[PDB]
Structure formats: C-alpha cells, structure tokens
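**Student:** Sending over coords00.tsv (TSV, C-alpha atoms).
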```
chain	number	residue	atom	x	y	z
A	1	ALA	CA	31.51	-53.94	-46.79
A	2	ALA	CA	29.55	-50.94	-48.01
A	3	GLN	CA	26.04	-49.72	-47.21
A	4	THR	CA	24.78	-47.67	-50.10
A	5	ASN	CA	22.13	-45.10	-49.26
A	6	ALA	CA	23.12	-44.94	-45.62
A	7	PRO	CA	22.28	-42.18	-43.11
A	8	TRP	CA	24.70	-39.29	-43.54
A	9	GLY	CA	26.26	-39.94	-40.14
A	10	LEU	CA	27.24	-43.49	-41.01
A	11	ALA	CA	28.73	-42.19	-44.24
A	12	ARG	CA	30.54	-39.40	-42.33
A	13	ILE	CA	32.33	-41.80	-39.92
A	14	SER	CA	33.82	-43.79	-42.82
A	15	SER	CA	34.84	-40.79	-44.97
A	16	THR	CA	37.45	-38.04	-44.91
A	17	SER	CA	34.98	-35.56	-46.44
A	18	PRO	CA	31.31	-34.68	-45.86
A	19	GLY	CA	28.56	-34.95	-48.44
A	20	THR	CA	28.97	-38.67	-49.17
A	21	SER	CA	26.29	-41.30	-48.78
A	22	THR	CA	27.90	-44.78	-48.54
A	23	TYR	CA	29.00	-46.33	-45.24
A	24	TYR	CA	32.18	-48.39	-45.65
A	25	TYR	CA	33.00	-50.76	-42.79
A	26	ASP	CA	34.71	-54.06	-42.00
A	27	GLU	CA	32.17	-56.92	-42.24
A	28	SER	CA	32.95	-57.94	-38.64
A	29	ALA	CA	30.33	-55.29	-37.69
A	30	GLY	CA	30.99	-55.42	-33.95
A	31	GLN	CA	30.33	-59.16	-33.74
A	32	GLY	CA	31.23	-60.46	-30.30
A	33	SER	CA	30.92	-57.10	-28.53
A	34	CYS	CA	28.12	-55.79	-26.33
A	35	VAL	CA	26.74	-52.29	-25.87
A	36	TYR	CA	24.55	-51.20	-22.95
A	37	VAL	CA	22.18	-48.40	-23.98
A	38	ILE	CA	21.31	-46.58	-20.74
A	39	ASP	CA	18.25	-44.57	-21.58
A	40	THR	CA	14.41	-44.79	-21.91
A	41	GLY	CA	14.70	-48.45	-22.98
A	42	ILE	CA	14.77	-50.22	-26.34
A	43	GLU	CA	11.90	-51.57	-28.44
A	44	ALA	CA	13.54	-54.96	-28.79
A	45	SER	CA	10.83	-56.25	-31.11
A	46	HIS	CA	11.90	-53.82	-33.85
A	47	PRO	CA	12.85	-55.83	-36.99
A	48	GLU	CA	15.88	-53.52	-37.35
A	49	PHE	CA	17.47	-55.16	-34.27
A	50	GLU	CA	17.22	-58.67	-35.80
A	51	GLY	CA	16.76	-60.17	-32.34
A	52	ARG	CA	20.11	-58.69	-31.23
A	53	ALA	CA	18.49	-56.38	-28.66
A	54	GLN	CA	17.05	-57.22	-25.26
A	55	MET	CA	16.05	-55.46	-22.09
A	56	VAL	CA	17.95	-56.45	-18.93
A	57	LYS	CA	16.92	-53.80	-16.37
A	58	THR	CA	14.21	-51.23	-15.74
A	59	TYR	CA	13.64	-48.82	-12.87
A	60	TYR	CA	9.97	-48.07	-13.62
A	61	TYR	CA	6.67	-49.96	-13.83
A	62	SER	CA	7.57	-51.13	-17.36
A	63	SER	CA	10.71	-51.92	-19.31
A	64	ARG	CA	9.11	-50.80	-22.57
A	65	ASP	CA	10.42	-47.79	-24.49
A	66	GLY	CA	7.39	-45.49	-24.34
A	67	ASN	CA	9.36	-42.50	-25.62
A	68	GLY	CA	11.54	-43.55	-28.57
A	69	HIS	CA	14.74	-41.82	-27.46
A	70	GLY	CA	16.33	-45.07	-26.29
A	71	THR	CA	15.28	-47.02	-29.37
A	72	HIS	CA	16.67	-44.19	-31.52
A	73	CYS	CA	20.05	-44.28	-29.79
A	74	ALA	CA	20.29	-48.09	-29.85
A	75	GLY	CA	19.54	-48.04	-33.57
A	76	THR	CA	22.63	-45.90	-34.13
A	77	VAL	CA	24.75	-48.42	-32.16
A	78	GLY	CA	23.78	-51.62	-33.91
A	79	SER	CA	20.63	-51.65	-36.02
A	80	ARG	CA	21.05	-53.17	-39.49
A	81	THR	CA	20.21	-50.04	-41.48
A	82	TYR	CA	20.93	-47.24	-39.00
A	83	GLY	CA	23.73	-48.76	-36.91
A	84	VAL	CA	27.49	-48.30	-36.77
A	85	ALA	CA	28.26	-51.81	-35.49
A	86	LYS	CA	25.57	-53.92	-37.11
A	87	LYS	CA	26.33	-57.28	-35.42
A	88	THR	CA	26.87	-56.08	-31.82
A	89	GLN	CA	24.63	-57.25	-28.99
A	90	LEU	CA	22.46	-54.53	-27.49
A	91	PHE	CA	21.34	-54.54	-23.85
A	92	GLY	CA	18.74	-52.04	-22.66
A	93	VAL	CA	18.81	-50.39	-19.24
A	94	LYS	CA	15.81	-48.11	-18.65
A	95	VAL	CA	16.91	-45.38	-16.24
A	96	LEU	CA	14.83	-42.73	-18.04
A	97	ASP	CA	11.05	-42.56	-17.92
A	98	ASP	CA	8.76	-42.31	-20.91
A	99	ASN	CA	9.01	-38.51	-20.71
A	100	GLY	CA	12.80	-38.65	-21.08
A	101	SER	CA	13.46	-37.86	-17.42
A	102	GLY	CA	15.51	-39.71	-14.83
A	103	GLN	CA	16.61	-39.09	-11.26
A	104	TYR	CA	20.36	-39.05	-10.66
A	105	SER	CA	19.98	-41.72	-7.97
A	106	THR	CA	18.45	-43.93	-10.66
A	107	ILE	CA	21.08	-43.21	-13.30
A	108	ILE	CA	23.88	-43.99	-10.83
A	109	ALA	CA	22.07	-47.22	-9.94
A	110	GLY	CA	21.97	-48.11	-13.65
A	111	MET	CA	25.68	-47.56	-14.18
A	112	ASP	CA	26.52	-49.71	-11.14
A	113	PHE	CA	24.17	-52.36	-12.54
A	114	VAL	CA	26.02	-52.41	-15.85
A	115	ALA	CA	29.46	-52.88	-14.25
A	116	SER	CA	28.19	-56.01	-12.47
A	117	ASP	CA	25.80	-57.33	-15.14
A	118	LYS	CA	28.53	-57.57	-17.78
A	119	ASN	CA	29.81	-60.58	-15.81
A	120	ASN	CA	26.63	-62.55	-16.57
A	121	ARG	CA	27.04	-62.01	-20.32
A	122	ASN	CA	29.14	-63.45	-23.12
A	123	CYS	CA	31.00	-60.45	-24.57
A	124	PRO	CA	34.37	-61.88	-25.66
A	125	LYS	CA	35.23	-58.72	-27.65
A	126	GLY	CA	34.46	-56.34	-24.77
A	127	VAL	CA	31.75	-54.12	-23.38
A	128	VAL	CA	30.60	-50.57	-24.19
A	129	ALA	CA	28.07	-48.33	-22.48
A	130	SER	CA	26.30	-45.47	-24.26
A	131	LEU	CA	24.90	-42.71	-22.02
A	132	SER	CA	22.85	-40.26	-24.10
A	133	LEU	CA	21.80	-38.43	-20.93
A	134	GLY	CA	23.02	-35.86	-18.47
A	135	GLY	CA	22.22	-32.81	-16.40
A	136	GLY	CA	23.90	-30.21	-14.24
A	137	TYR	CA	27.23	-30.90	-12.55
A	138	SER	CA	27.12	-33.78	-10.04
A	139	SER	CA	30.25	-35.27	-8.58
A	140	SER	CA	28.40	-38.47	-7.60
A	141	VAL	CA	27.22	-38.88	-11.18
A	142	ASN	CA	30.72	-38.37	-12.58
A	143	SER	CA	31.96	-40.82	-9.95
A	144	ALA	CA	29.40	-43.36	-11.15
A	145	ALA	CA	30.65	-43.07	-14.73
A	146	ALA	CA	34.31	-43.39	-13.74
A	147	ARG	CA	33.50	-46.55	-11.77
A	148	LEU	CA	31.85	-48.07	-14.83
A	149	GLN	CA	34.84	-47.17	-17.00
A	150	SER	CA	37.29	-48.50	-14.40
A	151	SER	CA	35.30	-51.75	-14.17
A	152	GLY	CA	36.14	-52.62	-17.80
A	153	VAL	CA	33.47	-50.79	-19.82
A	154	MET	CA	34.07	-48.29	-22.61
A	155	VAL	CA	31.85	-45.37	-21.54
A	156	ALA	CA	30.67	-42.69	-23.99
A	157	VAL	CA	28.45	-39.87	-22.68
A	158	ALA	CA	26.80	-36.94	-24.46
A	159	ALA	CA	28.40	-33.52	-24.01
A	160	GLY	CA	24.99	-31.80	-23.71
A	161	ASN	CA	22.70	-29.57	-25.76
A	162	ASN	CA	23.13	-26.28	-23.88
A	163	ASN	CA	25.52	-24.60	-26.35
A	164	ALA	CA	27.81	-24.06	-23.36
A	165	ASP	CA	30.91	-25.47	-21.71
A	166	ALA	CA	30.34	-29.11	-20.72
A	167	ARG	CA	32.43	-28.52	-17.58
A	168	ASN	CA	29.13	-27.67	-15.87
A	169	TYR	CA	27.22	-30.83	-16.82
A	170	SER	CA	27.34	-34.48	-15.82
A	171	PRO	CA	28.39	-37.08	-16.65
A	172	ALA	CA	29.77	-34.92	-19.49
A	173	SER	CA	32.39	-33.39	-17.16
A	174	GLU	CA	33.94	-36.67	-15.95
A	175	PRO	CA	37.49	-36.83	-17.37
A	176	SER	CA	37.80	-40.64	-17.52
A	177	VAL	CA	34.85	-41.29	-19.86
A	178	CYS	CA	34.48	-40.28	-23.53
A	179	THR	CA	32.44	-37.08	-23.88
A	180	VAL	CA	30.84	-36.73	-27.32
A	181	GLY	CA	29.86	-33.50	-29.06
A	182	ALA	CA	27.64	-33.18	-32.12
A	183	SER	CA	28.26	-31.97	-35.67
A	184	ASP	CA	26.07	-31.58	-38.76
A	185	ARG	CA	26.29	-32.89	-42.30
A	186	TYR	CA	28.22	-29.75	-43.32
A	187	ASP	CA	30.91	-30.28	-40.65
A	188	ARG	CA	29.64	-27.43	-38.52
A	189	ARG	CA	29.51	-27.93	-34.79
A	190	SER	CA	25.82	-28.52	-34.13
A	191	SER	CA	23.97	-25.40	-33.08
A	192	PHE	CA	23.10	-26.86	-29.67
A	193	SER	CA	26.27	-28.82	-28.94
A	194	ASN	CA	28.09	-28.15	-25.73
A	195	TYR	CA	31.86	-27.66	-26.03
A	196	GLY	CA	34.89	-27.13	-23.79
A	197	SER	CA	38.09	-28.90	-22.86
A	198	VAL	CA	36.36	-31.99	-21.37
A	199	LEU	CA	35.21	-33.02	-24.86
A	200	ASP	CA	37.13	-35.90	-26.41
A	201	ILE	CA	35.52	-36.44	-29.81
A	202	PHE	CA	32.74	-35.25	-32.10
A	203	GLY	CA	30.16	-37.41	-33.82
A	204	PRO	CA	27.24	-36.90	-36.22
A	205	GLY	CA	24.38	-35.34	-34.29
A	206	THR	CA	22.09	-33.13	-36.41
A	207	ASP	CA	19.27	-34.78	-38.41
A	208	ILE	CA	20.10	-38.41	-37.58
A	209	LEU	CA	17.79	-41.06	-39.06
A	210	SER	CA	17.35	-44.11	-36.82
A	211	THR	CA	14.84	-46.51	-35.30
A	212	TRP	CA	11.80	-45.34	-33.33
A	213	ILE	CA	9.08	-47.03	-31.29
A	214	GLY	CA	6.17	-48.64	-33.09
A	215	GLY	CA	8.28	-50.40	-35.72
A	216	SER	CA	9.09	-46.99	-37.25
A	217	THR	CA	11.95	-44.53	-37.91
A	218	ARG	CA	12.56	-40.81	-37.47
A	219	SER	CA	15.25	-38.14	-37.68
A	220	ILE	CA	16.14	-36.18	-34.54
A	221	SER	CA	19.07	-34.06	-33.36
A	222	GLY	CA	21.24	-33.97	-30.26
A	223	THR	CA	24.49	-34.97	-28.67
A	224	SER	CA	22.33	-37.92	-27.59
A	225	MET	CA	22.54	-38.86	-31.29
A	226	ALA	CA	26.32	-38.39	-31.55
A	227	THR	CA	27.13	-40.62	-28.55
A	228	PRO	CA	25.96	-43.95	-30.08
A	229	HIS	CA	28.01	-43.29	-33.23
A	230	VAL	CA	31.07	-43.19	-30.95
A	231	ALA	CA	29.74	-46.04	-28.78
A	232	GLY	CA	29.07	-48.17	-31.87
A	233	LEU	CA	32.49	-47.27	-33.28
A	234	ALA	CA	34.27	-48.32	-30.08
A	235	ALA	CA	32.57	-51.73	-30.20
A	236	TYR	CA	33.47	-51.98	-33.89
A	237	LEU	CA	37.17	-51.32	-33.23
A	238	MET	CA	37.24	-53.60	-30.19
A	239	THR	CA	35.80	-56.49	-32.21
A	240	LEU	CA	38.64	-55.77	-34.65
A	241	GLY	CA	41.27	-55.93	-31.89
A	242	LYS	CA	42.44	-52.41	-32.74
A	243	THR	CA	41.78	-51.15	-29.19
A	244	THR	CA	40.51	-52.05	-25.72
A	245	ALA	CA	37.81	-50.64	-23.45
A	246	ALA	CA	40.29	-48.57	-21.44
A	247	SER	CA	41.99	-47.09	-24.54
A	248	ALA	CA	39.21	-46.84	-27.17
A	249	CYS	CA	38.38	-43.18	-26.52
A	250	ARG	CA	42.04	-42.20	-26.88
A	251	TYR	CA	42.30	-44.48	-29.92
A	252	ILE	CA	39.24	-42.90	-31.56
A	253	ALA	CA	40.61	-39.38	-30.97
A	254	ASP	CA	44.13	-40.18	-32.20
A	255	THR	CA	42.67	-41.52	-35.46
A	256	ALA	CA	39.75	-39.10	-35.91
A	257	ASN	CA	39.39	-36.58	-38.72
A	258	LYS	CA	41.38	-33.61	-37.45
A	259	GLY	CA	40.54	-29.93	-37.90
A	260	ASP	CA	37.54	-30.40	-40.20
A	261	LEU	CA	34.67	-28.91	-38.17
A	262	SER	CA	33.73	-25.26	-38.19
A	263	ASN	CA	32.67	-23.16	-35.20
A	264	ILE	CA	34.80	-25.11	-32.73
A	265	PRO	CA	35.58	-22.59	-29.95
A	266	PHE	CA	39.13	-22.19	-28.73
A	267	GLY	CA	40.10	-24.83	-26.19
A	268	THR	CA	37.81	-27.52	-27.65
A	269	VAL	CA	39.15	-30.39	-29.73
A	270	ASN	CA	38.50	-30.46	-33.48
A	271	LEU	CA	38.23	-34.21	-33.97
A	272	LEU	CA	35.48	-36.07	-35.85
A	273	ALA	CA	34.98	-39.79	-35.16
A	274	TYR	CA	36.37	-41.87	-38.05
A	275	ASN	CA	36.80	-45.59	-38.68
A	276	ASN	CA	39.77	-45.41	-41.13
A	277	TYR	CA	38.48	-48.54	-42.87
A	278	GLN	CA	40.52	-49.23	-46.01
A	279	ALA	CA	39.40	-52.22	-48.07
```
For this file, produce the structure as structure tokens.
**Tutor:**
Amino acid sequence: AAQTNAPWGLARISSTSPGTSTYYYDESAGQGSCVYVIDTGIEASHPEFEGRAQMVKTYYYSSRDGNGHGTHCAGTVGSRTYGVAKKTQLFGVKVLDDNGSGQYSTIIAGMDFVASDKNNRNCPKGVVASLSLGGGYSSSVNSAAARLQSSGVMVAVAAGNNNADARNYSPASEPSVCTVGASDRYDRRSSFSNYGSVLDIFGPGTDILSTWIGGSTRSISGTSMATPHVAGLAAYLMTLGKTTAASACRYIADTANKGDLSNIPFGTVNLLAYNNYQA
C-alpha cells in the first residue's frame, strides 16, 4: 500500500533516502497486534483512531488526555493518517498527569499493569509497549522496563531530550528494552536527542505531525515522537511474522538504514528505523 502526502516520518521509515513524501507499507498494517501507549492517556474518541483506541488504566482522577502528548504518540503508532501500523489496537495507560508529569512509583505501577493486562486481551500477533517518558537514572525504573520486556512485550522507550548520554536517564538506560533517539527530515540527529551506547535505533523525531486532543492535529518534536515510530514498526513486523517481541529491537536495528544520519557522536549507533517493504 502507499499513503501519498504522508508525514515525513512515515515516508522516512519506508525509504532509503530523505526528502520523500509517500509512505509505502504492507496492507496488513499491524492487524492483530496491540500497542500500549504509556503516557498522559489517549483521546479515544478521535476519528483518526477509528474506534481502535481505548483506555484501560489511569492513575489520576480522570483517564482523559488533558495534555495531548499521549494522543500525539498514539497517533504515530496506529492512527489512519499519522500512524505507522494503521490497523493495530491501541490501549491507553495514563501514568502521566495533564501537565506531562508522572511519579516513578506510578510509572513502574503502569509497566507492571501492562505485563499482566496483556493476558486479558486478544493480541494474537503480539504486544508492544511505547514509553515516551523518562527521567534521571533509576535502577527500579529500568528494572520495571526489563520485567515488561521479559514478560513478552516489545518495549520501546525514548532516549531523552537532554542532548547528553542516555546512560544517565531511565528507562532509557535499561539494556534489555529498545531505546529510541530522534532525527530530523534532513537525517541530522535531532538537536535535543540524547545519544550514547545504550541507544539501539533512531526514528523520526523533529516536526512530527500527529493527532492531538480536541479532534485536532499538531506538529511537535522529541524522542517522545521517535519512540512510537519504532513501537508502531515493531507491531507492523510482528503482524507480518518477520520478528517476535523478544527479537524485534534487534531485528529493527539489523535491517535499519545504516550510516545515514549526521552528527552521531562516536560510540552511538548510526541506524535509522526502516521497514524494507518491497512491493
């Protein structure tokens, strides 16, 4: 299939060169997979989700996305126009308040919830979790993410927006999950993107159009925006049987676009998420 006039990030992850505008992808579109977006929530009513999004857990007085960040990230996973895997099921877990903030105790609680909750749900192609969040180094938080991965979930977490080594941030610094850095439409490493040896893959992250609260859209920037590209891609490939939850991050990095980003510091991988879809 092909989406003409797609957001540059969708076009990037189906192309061996930047500057293109059509998103080529296998029509399976992540059908039969599930992706937990662990964030400020998801505005499930958004027409862009086509009824494929629901909330399943909140840790605050409401489960509504009063910020937009979570709806923006979910839209990159599986919205019709802004999504990598357009037929995947989205599940919202609100560990972040409407200001974008979340306690670590709460985020750990959310990850443990996902590992268990996946057993209530019909996800015959497998389960992904997208964690566009993080903070300073915490070994409990890294531990929480490794548990979720070990439980059978493909975890992707943002590398961070500190323009620093991600070794000092969490869950970015957990070796067993997929840590996603951000690039721009010109294949530069994004100005804010963290880096370092913990990084596994890069995804589109600067000026990313996606869904927003109030039935709307907007472009924003962050490694929070690169993560759902990789999360959505993992669900896409799993639906296709190309890879499993435990091996998707390695699969994505072995088949990425290699050596094509600029301003990658020494000791950080130069790999850009890529679907290698050949019609």
**Student:** In the coordinates of the file, take the point (40.8, -41.9, -28.9) and a cut-off of 12 Å; then, counting all atoms listed in the file, name each qualifying protein, DNA or RNA residue as a PyMOL selection string.
**Tutor:** chain A and resi 154+156+176-180+199-202+230-231+233-234+237+242-258+269+271-275
**Student:** Which of these, A:112, A:48, A:260, A:39, has the shortest distance to residue 100 (chain A) once you count all atoms listed in the file?
**Tutor:** A:39
**Student:** So, counting all atoms listed in the file, which residue among A:217, A:17, A:197, A:122 is closest to residue 43 (chain A)?
**Tutor:**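 Checking each of A:217, A:17, A:197, A:122 against residue 43 (chain A), counting all atoms listed in the file, the winner is A:217.
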**Student:** Assuming 4 Å of padding per side, give the centre and edge lengths of the axis-aligned box around every listed atom of region 223-232 of chain A, in Å to one decimal and as AutoDock Vina command-line options.
**Tutor:**
```
--center_x 26.7 --center_y -41.6 --center_z -30.4 --size_x 16.7 --size_y 21.2 --size_z 13.6
```
**Student:** Just to confirm, what's the straight-line distance from CA of residue 125 (chain A) to CA of residue 110 (chain A) in Å (one decimal)?
**Tutor:**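 Between CA of residue 125 (chain A) and CA of residue 110 (chain A) the gap works out to 22.0 Å.
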**Student:** At a cut-off of 12 Å from (18.8, -22.3, -32.2) in the coordinates of the file, what residues are picked up using only C-alpha atoms, written as a VMD selection string?
**Tutor:** chain A and resid 161 to 163 190 to 193 221
**Student:** In Å, rounded to a single decimal, give me how far CA of residue 175 (chain A) is from CA of residue 147 (chain A).
**Tutor:**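 We find that CA of residue 147 (chain A) and CA of residue 175 (chain A) lie 11.9 Å from each other.
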**Student:** Out of A:146, A:34, A:208, A:44, which residue has the shortest atom-to-atom distance to residue 118 (chain A) when counting all atoms listed in the file?
**Tutor:**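 For residue 118 (chain A), the nearest of the given residues is A:34.
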**Student:** State, in Å with one decimal place, the distance from CA of residue 205 (chain A) to CA of residue 8 (chain A).
**Tutor:**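 Atom-to-atom, CA of residue 205 (chain A) and CA of residue 8 (chain A) are spaced 10.1 Å apart.
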**Student:** May I have the residues within 7 Å of residue 56 (chain A) as an MDAnalysis selection string, using all atoms listed in the file and disregarding those fewer than 3 positions away in the same chain?
**Tutor:** chainID A and resid 91:93
**Student:** Using all atoms listed in the file, which protein or nucleic acid residues come within 9 Å of region 85-87 of chain A? Drop anything in the same chain fewer than 5 positions from it, and give the result as a list in words.
**Tutor:**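 Within the cut-off, the hits are residues 25, 27, 28, 29, 30, 31, 32, 33, 49, 52, 76, 77, 78, 79, 80, 229, 231, 232, 233, 234, 235 and 236 of chain A.
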